[PDB]
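Enquirer: Contents of data-v8.pdb (PDB, C-alpha atoms) are given next:
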ATOM      1  CA  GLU A 357     -32.182 -43.664 -11.905  1.00  0.00           C
ATOM      2  CA  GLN A 358     -34.135 -40.503 -11.060  1.00  0.00           C
ATOM      3  CA  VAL A 359     -31.105 -38.710  -9.649  1.00  0.00           C
ATOM      4  CA  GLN A 360     -29.252 -39.523 -12.866  1.00  0.00           C
ATOM      5  CA  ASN A 361     -32.080 -37.889 -14.815  1.00  0.00           C
ATOM      6  CA  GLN A 362     -31.812 -34.907 -12.481  1.00  0.00           C
ATOM      7  CA  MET A 363     -28.091 -34.556 -13.079  1.00  0.00           C
ATOM      8  CA  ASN A 364     -28.645 -34.599 -16.841  1.00  0.00           C
ATOM      9  CA  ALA A 365     -30.495 -31.308 -16.315  1.00  0.00           C
ATOM     10  CA  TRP A 366     -28.341 -29.811 -13.568  1.00  0.00           C
ATOM     11  CA  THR A 367     -25.272 -30.257 -15.755  1.00  0.00           C
ATOM     12  CA  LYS A 368     -27.079 -28.558 -18.632  1.00  0.00           C
ATOM     13  CA  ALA A 369     -27.836 -25.658 -16.302  1.00  0.00           C
ATOM     14  CA  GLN A 370     -24.184 -25.488 -15.253  1.00  0.00           C
ATOM     15  CA  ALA A 371     -22.932 -25.491 -18.849  1.00  0.00           C
ATOM     16  CA  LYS A 372     -25.301 -22.629 -19.631  1.00  0.00           C
ATOM     17  CA  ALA A 373     -23.712 -20.803 -16.694  1.00  0.00           C
ATOM     18  CA  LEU A 374     -20.171 -21.336 -17.963  1.00  0.00           C
ATOM     19  CA  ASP A 375     -21.357 -20.124 -21.368  1.00  0.00           C
ATOM     20  CA  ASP A 376     -22.352 -16.674 -20.125  1.00  0.00           C
ATOM     21  CA  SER A 377     -19.185 -16.252 -18.087  1.00  0.00           C
ATOM     22  CA  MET A 378     -16.806 -17.390 -20.802  1.00  0.00           C
ATOM     23  CA  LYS A 379     -18.476 -14.930 -23.155  1.00  0.00           C
ATOM     24  CA  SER A 380     -17.811 -12.161 -20.657  1.00  0.00           C
ATOM     25  CA  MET A 381     -14.157 -13.182 -20.645  1.00  0.00           C
ATOM     26  CA  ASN A 382     -13.869 -13.563 -24.402  1.00  0.00           C
ATOM     27  CA  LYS A 383     -15.051  -9.985 -24.706  1.00  0.00           C
ATOM     28  CA  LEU A 384     -12.373  -8.640 -22.384  1.00  0.00           C
ATOM     29  CA  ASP A 385      -9.736 -10.667 -24.199  1.00  0.00           C
ATOM     30  CA  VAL A 386     -10.771  -9.296 -27.581  1.00  0.00           C
ATOM     31  CA  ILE A 387     -10.963  -5.752 -26.232  1.00  0.00           C
ATOM     32  CA  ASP A 388      -7.438  -6.125 -24.868  1.00  0.00           C
ATOM     33  CA  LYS A 389      -6.262  -7.443 -28.221  1.00  0.00           C
ATOM     34  CA  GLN A 390      -7.827  -4.418 -29.914  1.00  0.00           C
ATOM     35  CA  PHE A 391      -6.141  -1.981 -27.553  1.00  0.00           C
ATOM     36  CA  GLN A 392      -2.844  -3.779 -28.141  1.00  0.00           C
ATOM     37  CA  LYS A 393      -3.128  -3.680 -31.906  1.00  0.00           C
ATOM     38  CA  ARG A 394      -3.910   0.030 -31.612  1.00  0.00           C
ATOM     39  CA  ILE A 395      -0.989   0.750 -29.275  1.00  0.00           C
ATOM     40  CA  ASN A 396       1.676  -1.168 -31.172  1.00  0.00           C
ATOM     41  CA  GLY A 397       0.923   1.013 -34.194  1.00  0.00           C
ATOM     42  CA  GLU A 398      -1.986  -0.388 -36.184  1.00  0.00           C
ATOM     43  CA  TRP A 399      -5.141   1.335 -37.375  1.00  0.00           C
ATOM     44  CA  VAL A 400      -8.108  -0.545 -35.955  1.00  0.00           C
ATOM     45  CA  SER A 401     -10.873   1.104 -33.977  1.00  0.00           C
ATOM     46  CA  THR A 402     -11.274   0.549 -30.256  1.00  0.00           C
ATOM     47  CA  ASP A 403     -14.885   1.582 -29.753  1.00  0.00           C
ATOM     48  CA  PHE A 404     -16.968  -1.195 -28.227  1.00  0.00           C
ATOM     49  CA  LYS A 405     -19.259  -1.081 -31.260  1.00  0.00           C
ATOM     50  CA  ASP A 406     -16.433  -2.052 -33.630  1.00  0.00           C
ATOM     51  CA  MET A 407     -14.937  -5.170 -32.077  1.00  0.00           C
ATOM     52  CA  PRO A 408     -15.290  -8.499 -33.882  1.00  0.00           C
ATOM     53  CA  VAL A 409     -18.115 -10.897 -33.031  1.00  0.00           C
ATOM     54  CA  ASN A 410     -17.970 -14.665 -33.479  1.00  0.00           C
ATOM     55  CA  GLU A 411     -20.641 -16.339 -31.332  1.00  0.00           C
ATOM     56  CA  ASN A 412     -18.076 -16.848 -28.584  1.00  0.00           C
ATOM     57  CA  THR A 413     -18.531 -13.189 -27.642  1.00  0.00           C
ATOM     58  CA  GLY A 414     -21.949 -11.999 -28.741  1.00  0.00           C
ATOM     59  CA  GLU A 415     -22.766  -8.350 -29.196  1.00  0.00           C
ATOM     60  CA  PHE A 416     -20.631  -5.958 -27.158  1.00  0.00           C
ATOM     61  CA  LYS A 417     -22.396  -3.822 -24.583  1.00  0.00           C
ATOM     62  CA  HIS A 418     -21.008  -0.622 -23.155  1.00  0.00           C
ATOM     63  CA  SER A 419     -20.427  -2.162 -19.742  1.00  0.00           C
ATOM     64  CA  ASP A 420     -17.990  -4.635 -21.292  1.00  0.00           C
ATOM     65  CA  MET A 421     -15.558  -1.752 -21.739  1.00  0.00           C
ATOM     66  CA  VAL A 422     -16.049  -0.114 -18.358  1.00  0.00           C
ATOM     67  CA  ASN A 423     -15.247  -3.544 -16.912  1.00  0.00           C
ATOM     68  CA  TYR A 424     -12.154  -3.717 -19.058  1.00  0.00           C
ATOM     69  CA  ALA A 425     -11.179  -0.130 -18.318  1.00  0.00           C
ATOM     70  CA  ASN A 426     -11.253  -0.624 -14.573  1.00  0.00           C
ATOM     71  CA  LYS A 427      -9.252  -3.837 -15.048  1.00  0.00           C
ATOM     72  CA  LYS A 428      -6.250  -2.564 -16.957  1.00  0.00           C
ATOM     73  CA  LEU A 429      -5.886   0.279 -14.489  1.00  0.00           C
ATOM     74  CA  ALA A 430      -6.237  -2.293 -11.718  1.00  0.00           C
ATOM     75  CA  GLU A 431      -3.546  -4.447 -13.278  1.00  0.00           C
ATOM     76  CA  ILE A 432      -1.187  -1.564 -14.039  1.00  0.00           C
ATOM     77  CA  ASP A 433      -1.482  -0.385 -10.444  1.00  0.00           C
ATOM     78  CA  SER A 434      -0.243  -3.855  -9.428  1.00  0.00           C
ATOM     79  CA  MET A 435       3.218  -4.177 -10.950  1.00  0.00           C
TER      80      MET A 435
ATOM     81  CA  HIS B 178     -31.959 -23.695  -3.387  1.00  0.00           C
ATOM     82  CA  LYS B 179     -28.790 -21.655  -3.038  1.00  0.00           C
ATOM     83  CA  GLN B 180     -28.971 -17.961  -3.856  1.00  0.00           C
ATOM     84  CA  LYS B 181     -26.854 -17.380  -6.966  1.00  0.00           C
ATOM     85  CA  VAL B 182     -26.086 -13.744  -6.067  1.00  0.00           C
ATOM     86  CA  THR B 183     -23.162 -12.906  -3.805  1.00  0.00           C
ATOM     87  CA  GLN B 184     -22.610  -9.746  -1.776  1.00  0.00           C
ATOM     88  CA  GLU B 185     -19.244  -9.580  -3.577  1.00  0.00           C
ATOM     89  CA  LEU B 186     -19.129  -6.313  -5.477  1.00  0.00           C
ATOM     90  CA  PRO B 187     -17.295  -5.206  -8.622  1.00  0.00           C
ATOM     91  CA  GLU B 188     -14.327  -2.879  -8.335  1.00  0.00           C
ATOM     92  CA  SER B 189     -13.412   0.186 -10.381  1.00  0.00           C
ATOM     93  CA  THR B 190     -10.201   2.136  -9.905  1.00  0.00           C
ATOM     94  CA  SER B 191      -9.246   5.752 -10.421  1.00  0.00           C
ATOM     95  CA  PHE B 192      -7.110   6.914 -13.345  1.00  0.00           C
ATOM     96  CA  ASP B 193      -4.477   8.149 -10.903  1.00  0.00           C
ATOM     97  CA  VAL B 194      -1.417   9.057 -12.971  1.00  0.00           C
ATOM     98  CA  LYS B 195       1.280  11.246 -11.446  1.00  0.00           C
ATOM     99  CA  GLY B 196       3.736  12.887 -13.798  1.00  0.00           C
ATOM    100  CA  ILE B 197       6.233  15.547 -12.740  1.00  0.00           C
ATOM    101  CA  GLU B 198       5.395  18.474 -10.490  1.00  0.00           C
ATOM    102  CA  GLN B 199       5.975  22.038 -11.632  1.00  0.00           C
ATOM    103  CA  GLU B 200       8.446  24.580 -10.328  1.00  0.00           C
ATOM    104  CA  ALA B 201       6.838  27.268  -8.201  1.00  0.00           C
ATOM    105  CA  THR B 202       6.417  30.832  -9.430  1.00  0.00           C
ATOM    106  CA  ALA B 203      10.012  32.035  -9.556  1.00  0.00           C
ATOM    107  CA  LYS B 204      10.519  35.477  -8.104  1.00  0.00           C
ATOM    108  CA  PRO B 205      10.026  38.530 -10.325  1.00  0.00           C
ATOM    109  CA  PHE B 206      13.279  39.840 -11.764  1.00  0.00           C
ATOM    110  CA  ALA B 207      12.799  43.083  -9.840  1.00  0.00           C
ATOM    111  CA  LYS B 208      12.391  41.332  -6.485  1.00  0.00           C
ATOM    112  CA  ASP B 209      15.180  38.940  -7.447  1.00  0.00           C
ATOM    113  CA  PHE B 210      17.578  41.867  -7.809  1.00  0.00           C
ATOM    114  CA  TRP B 211      16.233  43.369  -4.599  1.00  0.00           C
ATOM    115  CA  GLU B 212      16.887  40.673  -2.004  1.00  0.00           C
ATOM    116  CA  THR B 213      20.165  39.773  -3.744  1.00  0.00           C
ATOM    117  CA  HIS B 214      21.745  43.224  -4.251  1.00  0.00           C
ATOM    118  CA  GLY B 215      19.855  45.209  -1.598  1.00  0.00           C
ATOM    119  CA  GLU B 216      18.792  47.943  -4.014  1.00  0.00           C
ATOM    120  CA  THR B 217      16.132  48.143  -6.699  1.00  0.00           C
ATOM    121  CA  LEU B 218      16.698  48.257 -10.449  1.00  0.00           C
ATOM    122  CA  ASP B 219      16.203  52.022 -10.690  1.00  0.00           C
ATOM    123  CA  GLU B 220      18.794  52.637  -7.972  1.00  0.00           C
ATOM    124  CA  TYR B 221      21.298  50.436  -9.816  1.00  0.00           C
ATOM    125  CA  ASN B 222      21.116  52.211 -13.182  1.00  0.00           C
ATOM    126  CA  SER B 223      21.560  55.677 -11.648  1.00  0.00           C
ATOM    127  CA  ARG B 224      25.292  54.920 -11.386  1.00  0.00           C
TER     128      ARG B 224
END
Could you rewrite the structure in this file as structure tokens?
Expert:
Amino acid sequence: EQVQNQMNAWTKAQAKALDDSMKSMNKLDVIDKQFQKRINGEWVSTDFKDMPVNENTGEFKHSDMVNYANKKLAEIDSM
Amino acid sequence: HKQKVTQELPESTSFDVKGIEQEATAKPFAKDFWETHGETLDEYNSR
């Protein structure tokens, strides 16, 4: 009944680690959706400072576009 | 405690796009006439 009390905290520290790595995937998904709405012929900006933000993503940093930019090119190279 | 930092590194890729190559510098019309009709343009109009 001490190890149970330890797991109540270790699980909280694992859910706070799948919160900061699902944010960093939400941001790439929304950046892809922005690029795709811009390509298919719709007038919405694609700067990282103009994405939408909904507490599943947080504020967008610059490095969350670099990451995306090297990941479309990586995916297009593999087709 | 396990180190939560792996030697695994992030990967960026080059914007390597190849389109269509260009045709080389085609010969000048004077040299064209030369190595095809063996005589320059001046020597062809003198007739």
Enquirer: Could you check the closest approach to chain A for each of B:207, B:194, B:218, B:201 and tell me which residue wins, using all atoms listed in the file?
Expert: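 Ranking B:207, B:194, B:218, B:201 by distance to chain A, first place goes to B:194.
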Enquirer: Identify every residue of chain B that has at least one atom within 9 Å of any atom of chain A, counting all atoms listed in the file, and report the result as number ranges by chain.
Expert: B: 187-193
Enquirer: Just say which residues the PyMOL selection byres ((chain A and resi 402) around 10) picks in this file, as a ChimeraX atom specification.
Expert: /A:387-394,399-401,403-407,421
Enquirer: Just give me the gap between CA of residue 178 (chain B) and CA of residue 357 (chain A) in Å, one decimal is fine.
Expert: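 For CA of residue 178 (chain B) relative to CA of residue 357 (chain A), the distance reads 21.7 Å.
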Enquirer: List as a PyMOL selection string the protein and nucleic acid residues near residue 412 (chain A), meaning an atom at most 10 Å away when all atoms listed in the file are counted, but skip any in the same chain fewer than 2 places from it.
Expert: chain A and resi 375-376+378-383+409-410+414-415
